[PDB]
Amino acid sequence: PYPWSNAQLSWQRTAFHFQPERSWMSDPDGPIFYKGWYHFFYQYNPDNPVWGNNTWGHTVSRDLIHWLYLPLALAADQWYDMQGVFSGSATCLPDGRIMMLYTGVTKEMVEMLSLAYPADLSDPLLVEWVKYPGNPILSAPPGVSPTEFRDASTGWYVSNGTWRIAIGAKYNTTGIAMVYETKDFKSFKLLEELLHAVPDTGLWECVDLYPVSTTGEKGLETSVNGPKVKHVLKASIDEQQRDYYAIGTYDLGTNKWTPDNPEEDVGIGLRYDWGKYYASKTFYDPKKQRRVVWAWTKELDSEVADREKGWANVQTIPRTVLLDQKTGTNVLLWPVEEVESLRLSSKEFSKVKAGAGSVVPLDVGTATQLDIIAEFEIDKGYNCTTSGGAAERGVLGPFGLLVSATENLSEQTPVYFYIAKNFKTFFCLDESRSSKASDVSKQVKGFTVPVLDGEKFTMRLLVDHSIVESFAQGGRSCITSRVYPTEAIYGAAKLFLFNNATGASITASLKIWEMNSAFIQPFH
Ligand SMILES: *[C@@H]1O[C@H](CO)[C@@H](O[C@@H]2O[C@H](CO)[C@@H](O[C@@H]3O[C@H](CO)[C@@H](O)[C@H](O)[C@@H]3O)[C@H](O)[C@H]2NC(C)=O)[C@H](O[C@@H]2O[C@@H](C)[C@@H](O)[C@@H](O)[C@@H]2O)[C@H]1NC(C)=O
Ligand SMILES: *[C@@H]1O[C@H](CO)[C@@H](O[C@@H]2O[C@H](CO)[C@@H](O[C@@H]3O[C@H](CO)[C@@H](O)[C@H](O)[C@@H]3O)[C@H](O)[C@H]2NC(C)=O)[C@H](O[C@@H]2O[C@@H](C)[C@@H](O)[C@@H](O)[C@@H]2O)[C@H]1NC(C)=O
Ligand SMILES: *[C@@H]1O[C@H](CO)[C@@H](O[C@@H]2O[C@H](CO)[C@@H](O[C@@H]3O[C@H](CO)[C@@H](O)[C@H](O)[C@@H]3O)[C@H](O)[C@H]2NC(C)=O)[C@H](O)[C@H]1NC(C)=O
Ligand SMILES: OC[C@H]1O[C@@](CO)(OC[C@@]2(O[C@H]3O[C@H](CO)[C@@H](O)[C@H](O)[C@H]3O)O[C@H](CO)[C@@H](O)[C@@H]2O)[C@@H](O)[C@@H]1O
Ligand SMILES: *[C@@H]1O[C@H](CO)[C@@H](O)[C@H](O[C@@H]2O[C@@H](C)[C@@H](O)[C@@H](O)[C@@H]2O)[C@H]1NC(C)=O
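Letter by letter, the sequence shown follows residues 7 to 386, 398 to 438, 443 to 545 of PDB author numbering.
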């Protein structure tokens, strides 16, 4: 347990990530774009920087970056949600109505579906929210435990006025997605056919079903279906606390979602992000025609420090989701382009050489609010999770960057590539020496990333105080983590290009932008 100082703790607050004024924040709730505003809701504890007393916080922005706080949307003030207003999604009907479905928890820990809607649809800020007088609207079916009945998805249209929603759950150890039909969002009929099921995964929370285009570069409206359309099915795997997705096809007539590759099904395949990244939710953005993904990153320090600093957890910069057309077997996640409006000034590092076992300093000034874009070239079984990080030297790795580093390398956070034997390219983030404090996470995170002939090894890094977001090969693989250094803070945080390979030297070109505050404050 580290004697954290006020100066060390205040430094952890983010400059441009969404974060409430104080206290605990969790799952993204009912993201929508309505009347010129991006709407974001989130699990929020009014009382303490720990999970509990769940309410829905509410915030708005013109651009998905410059957020403005609004009053609480939903409180724990009805018998059916007295134990908490858990997560939920929004469906926007063609008549202009917004239906917000959420799970409310009773004093007996019973989870039941409820309906909320705006008190005034003419208000673009959607400040006030009303709970349907006839709540609660749906309780667990005979095969599902009433204490584990959660997370209604955004609905998709069938025909004749009927919509479909997904509620994840489990049969014994099999993860499942149930589908309910409705016409009025007040009565729900359980379909006999499950959306999909995968053995040995466990509880599926926060289930997401959405379509992706195979030809374009735009997101698809949630109800879009066809023979040229593929469907991503995503679930939060409760037992692991990590989000998994799979690429497949969905048939309206059958209601079955079928994976493109059974060996990479939901829960046993790929993730949006290989780091700390949970309860991810997507919404369709009509203005720029994107599908955007929200996900929260938990603190990786001690609860003692969380209580000391008075706040816990952040949301990541929202990302676009698009099908990787060059592989056909993964998605591409990339920060929304509006993050670039935070860029103040740039510095370029052209063709910087880094020999075997070397470390090259990159003078950028302050290295705590950065947007880094780098390309790597190599001049003329492994597993990130069980590797020794940047210390484990190989013939063609590890090489990459050192963020949140100290002058004398006493604290460092490597984000790196590793080429192992055909070639498997690994992308990892190494926490093992991030901080001199022992009451923080020290794991090494990462996975393989596809690298195609003719491509340079590229990485993007978003450095924002206590949170780093990393992107390999244009977003084929992402790693989000938290850092809590004791010395590598304020002016003392440095950036390094590093090569700890033995067999080769690397040549990197970089560009580094300093990043402004998102100026997240209350609404005017
Ligand atoms: C979750 O796990 C439980 C416990 O294993 C499953 O219940 C078990 O179902 C078995 C059938 O697959 C039962 O075994 C045999 O039943 C047949 C029926 O003709 C008989 O020939 C023979 O005498 C066996 O007993 C077993 O009795 C039962 N175990 C318990 C403790 O209840 C459960 O399956 C689900 O519930 C049962 C009651 C059936 O309705 C199944 O169809 C149903 O799937 C597992 N849950 C799921 C969703 O698969
Ligand atoms: C790379 O190395 C890591 C760390 O060893 C592997 O992840 C670990 O997988 C273990 C299972 O193979 C998990 O350990 C336990 O599994 C048992 C099942 O018998 C559970 O009952 C128990 O609760 C444990 O969880 C463990 O969760 C996991 N460790 C960590 C730190 O994540 C990894 O395997 C891969 O990742 C895991 C999360 C799954 O997705 C696997 O399917 C997947 O293969 C190793 N990857 C390799 C060898 O390819
Ligand atoms: C590149 O690889 C080298 C070789 O692994 C890395 O140097 C090694 O760093 C580790 C971690 O700090 C050192 O282990 C330490 O040992 C000391 C006692 O000697 C112990 O007090 C610590 O608790 C820790 O276990 C190790 O000394 C050192 N090895 C060598 C040969 O230098 C180096 O850090 C890597 N470069 C990076 C990450 O930029
Ligand atoms: O906040 C409600 C919302 O969160 C979800 C998905 O994140 O899971 C709820 C869940 O998570 C909490 O569990 C423990 C609290 O004991 C805490 O360590 C963790 O950080 C929390 O996120 O709560 C129950 C426990 O009561 C767990 O089954 C589950 O992980 C989602 O299901 C829900 O809508
Ligand atoms: C939810 O609200 C209640 C009443 O306002 C708070 O007391 C809870 O705080 C927790 O419970 C009290 C009795 C004490 O043990 C404190 O240490 C706890 O944090 C609050 N619940 C949560 C989970 O923050």
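All C-beta atoms, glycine included, are put in the ideal place defined by N, C-alpha and C.
Counting only the same chain and skipping the five closest in sequence on each side, list residues whose C-beta sits under 8 Å from that of residue i.
i, result
"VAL230", "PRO217"
"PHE355", "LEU368, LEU518, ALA529, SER530, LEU531, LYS532, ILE533"
"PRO265", "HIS202, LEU239, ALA252, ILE253, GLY254, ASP271, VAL272"
"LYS192", "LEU121, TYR138, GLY140, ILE143"
"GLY361", "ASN520, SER526"
"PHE194", "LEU119, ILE143, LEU144, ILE171, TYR186, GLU187, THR188"
"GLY167", "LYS189"
So, for residue i: in the same chain, excluding its five sequence neighbours on each side, which residues have a beta-carbon less than 7 Å away from its beta-carbon?
i, result
"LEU258", "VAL164, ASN231"
"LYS357", "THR528, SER530"
"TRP57", "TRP30, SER32, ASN51"
"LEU473", "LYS332"
"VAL111", "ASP87, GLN89, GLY90, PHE92, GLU117"
"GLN14", "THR507, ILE510"
"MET115", "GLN89, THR153"
"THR288", "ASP214, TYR216, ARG297, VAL298, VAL299, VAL327"
"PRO292", "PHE39"
"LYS113", "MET88, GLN89"
Residue i: buried (16+ other C-beta within 10 angstroms of its C-beta) or exposed?
i, result
"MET480", "buried"
"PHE24", "buried"
"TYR186", "buried"
"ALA539", "buried"
"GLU245", "exposed"
"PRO324", "buried"
"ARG313", "exposed"
"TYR44", "buried"
"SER502", "buried"
"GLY36", "buried"
"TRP85", "exposed"
"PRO124", "buried"
"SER487", "buried"
"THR402", "exposed"
"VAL310", "exposed"
"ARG156", "buried"
"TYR177", "exposed"
What does a CB cutoff of less than 6 Å around residue i pick up in its chain, not counting 5 residues either side in sequence?
i, result
"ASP33", "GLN49, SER93, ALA285"
"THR97", "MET105, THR160, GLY161"
"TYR75", "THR65, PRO543"
"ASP69", "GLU344"
"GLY334", "none"
"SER364", "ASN520"
"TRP169", "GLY161, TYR163, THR188"
"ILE173", "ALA158, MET184"
"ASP451", "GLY406, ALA407, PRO431, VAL465"
"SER308", "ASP460"
Assuming the contact rule is C-beta atoms closer than 8 Å, residue i and residue j should be a hit. Round their C-beta distance to whole Å, please.
i, j, result
"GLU508", "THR423", "5 Å"
"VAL204", "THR180", "7 Å"
"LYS236", "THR260", "No, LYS236 and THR260 are not in contact; Cβ-Cβ is about 16 Å, not under 8 Å."
"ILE500", "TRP280", "5 Å"
"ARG410", "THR523", "6 Å"
"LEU413", "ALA525", "6 Å"
"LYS304", "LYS282", "6 Å"
"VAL327", "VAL299", "5 Å"
"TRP210", "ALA241", "4 Å"
"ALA82", "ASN59", "6 Å"
"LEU482", "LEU419", "The pair is not a contact, with the Cβ atoms about 11 Å apart (cut-off 8 Å)."
Taking 6 Å as the line, does the beta carbon of residue i fall inside it for any heavy atom of ligand 6?
i, result
"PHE519", "Absence of ligand 6 is noted for the structure shown, with ligand 1, ligand 2, ligand 3, ligand 4 and ligand 5 being the only ligands found."
Ranges of the beta strand (DSSP E) found wholly within the segment 69-118, counting only runs of at least 3: If we require 3 residues or more, the beta strand (DSSP E) runs fully inside the segment 69-118 come out as 74-80, 90-98, 104-111.
For the segment 327-352, which segments carrying the beta strand (DSSP E) assignment without a break, of at least 3 residues, lie completely within its bounds, in sequence order? Under the rule that a run must span 3 or more residues, the beta strand (DSSP E) segments found entirely inside the segment 327-352 read 337-341.
Can you pull every residue whose C-beta falls closer than 5 Å to some heavy atom of ligand 2, listed in chain order? Listed along the chain, these residues meet the criterion: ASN400, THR402, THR403.
Ignoring anything shorter than 3 residues or poking outside the segment 252-329, list the beta strand (DSSP E) runs there in chain order. Here the runs fully enclosed are 263-265, 284-291, 296-303, 325-329.
If you scan the segment 139-188 from start to end, which runs of the beta strand (DSSP E) of 3 or more residues do you find wholly inside it? Runs of beta strand (DSSP E) with 3 or more residues, each lying fully within the segment 139-188, are found at 162-165, 168-177, 180-188, listed in chain order.
Got a list of residues with beta-carbon closer than 5 Å to any non-hydrogen atom of ligand 1, in chain order? Qualifying residues, in the order they occur: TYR177, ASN178.
Closer than 7 Å: residues whose CB approaches a heavy atom of ligand 5: Chain-ordered list of matching residues: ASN51, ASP53, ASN54, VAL56, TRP57, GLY58, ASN59.
Taking the runs of the alpha helix (DSSP H) that are 4 residues or longer, which of them lie wholly in the segment 460-545? Counting only runs of 4 or more, we get nothing.
Let me know the beta strand (DSSP E) ranges lying completely inside the segment 181-252, each 3 residues or longer, listed in chain order. Counting whole runs of 3 or more residues, the segment 181-252 contains the beta strand (DSSP E) stretches 202-204, 210-219, 235-243.
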